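Participant: My sequence and its experimental structure, below.
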Amino acid sequence: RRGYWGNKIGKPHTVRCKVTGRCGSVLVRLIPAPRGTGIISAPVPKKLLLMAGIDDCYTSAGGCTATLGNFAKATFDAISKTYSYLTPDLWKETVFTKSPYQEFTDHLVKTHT
RNA sequence: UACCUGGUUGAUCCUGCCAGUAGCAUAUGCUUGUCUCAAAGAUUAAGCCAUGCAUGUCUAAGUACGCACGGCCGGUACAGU
């Protein structure tokens, strides 16, 4: 989930909110950034965030980032939390639409599992 | 540009320092066409010093008998310089 800096002009360029993600003494602090600053990070998370389409970000690390297996999994952990972070936009209540499992069950009553 | 990478082990995750990285100002090595700007015996010995120079000054208007120059003849405030 991508978001904006402090104002709108369409097409989100950065992270919605300031989030973290930890994997066994490594953590990352993805901080939002204004347009055109580029991704300011180490080489390892610069891969992931660039592929994500998050084109602007400030970061900072803490702990042993030498063992990169932790470092990248902790980045990926942070990138997950974006839709698991509650924002005032999402406060309006969902309509609880029926599941595809329910509606399309008619074709699956043959022998299908 | 709010950034990290290598090194303790058979292998893994930490703690931790060492090394790598960029700027700045002094010395030094090697090299060097053209253009502008210019810091420069402070670091150490506020150690010691040859020679040369670096503070003098007169307007119509303080004092002109320089045997100076000049004079158009002088002085009688008395010339001009």
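Facilitator: Yes, it's here. Numbering: from 1, shown residues only, chains lettered A, B, ... in the order given.
Participant: CA only for contacts and neighbour counts going forward, please
Facilitator: Noted.
Participant: for RNA strand B, what are the nearby residues on chain A?
Facilitator: Residues of chain A found near RNA strand B (CA under 7 Å from any atom of the strand) are A:24-26, A:31, A:37, A:39-44, A:58-61, A:63-70.
Participant: 10 Å instead?
Facilitator: Neighbours of RNA strand B within chain A, by CA under 10 Å from any atom of the strand: A:18, A:22-33, A:36-46, A:57-72.
Participant: quick one, helices of chain A?
Facilitator: Ranges of helices in chain A, per DSSP state H, are A:43-52, A:68-80, A:100-103.
Participant: Could you measure from whatever residue of chain A ends up closest to RNA strand B over to residue A:98?
Facilitator: Closest to RNA strand B within chain A is residue A:41: 3.5 Å, counting by CA to the nearest atom of the strand. Distance, residue A:41 to residue A:98, using CA to CA, to the nearest Å: 42 Å.
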